[PDB]
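Q: this one's experimental. Sequence and coordinates below.
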Amino acid sequence: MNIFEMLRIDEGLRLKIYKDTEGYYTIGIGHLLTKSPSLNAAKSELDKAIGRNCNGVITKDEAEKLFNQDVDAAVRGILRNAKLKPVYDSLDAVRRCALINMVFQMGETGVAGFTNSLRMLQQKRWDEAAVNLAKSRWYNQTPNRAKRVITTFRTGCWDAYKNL
């Protein structure tokens, strides 16, 4: 398993504009288009992102292209962030994937806000960190996905996803 397969399981693939769990306009593999309420504003963002008139619909290929850009951007953002980089560097390969998944979902800023959990991960206190991470809106709002990620940080293995 790898970061791409993990995220594909968590986000799904949709070729038509859709609303995410938070009600925002998204397309592809979890690519947020806009937090604005206008489908029009979304269709516009979409055409700007793809470089064609899409009329709210994209191909598999286009979806995958956006996905590659997003994963790349999530990684570079962690590497550039003063709070995130040290954590990421301290982690093994599997756990690194778990941090990337949170950043892709919630943005750099959002994850950087998990001060206490970050400290615990750095210290390698797996059980403590899993408990602390669960005390968040994140976990209450998307519990199945949060459990999968949390289990990944807890064990350092891909079990949570070898089901799926």
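A: Perfect, thanks for sending it. Numbers count the residues shown, from 1 in each chain.

Q: ranges for the helices of the protein?
A: 3-11, 39-50, 60-80, 84-90, 93-112, 115-122, 126-133, 137-141, 143-155 (DSSP state H).

Q: the second one: how far from the chain's middle?
A: On the basis of Cα atoms, centre = their mean, to the nearest Å, helix 39-50 sits 21 Å off its chain's mean C-alpha point.

Q: let me see the contact set for the nearest residue to residue 127 once chain neighbours are set aside.
A: Nearest non-adjacent residue to residue 127, counting by Cβ to Cβ, 6 or more residues apart in numbering: residue 154, 6.7 Å away. Any C-beta I mention is one placed from the backbone N, CA and C, and that applies to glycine too. Counting by Cβ atoms under 8 Å, 6 or more residues apart in numbering, residue 154 touches 126-127, 129-130.

Q: and stretch 61-72, what's buried?
A: 62-67, 70-71 (16 or more other Cβ atoms under 10 Å).

Q: check the gap between the residue nearest to residue 127 and residue 10 for me.
A: Applying Cβ to Cβ, to the nearest Å, the value for residue 154 to residue 10 is 17 Å.
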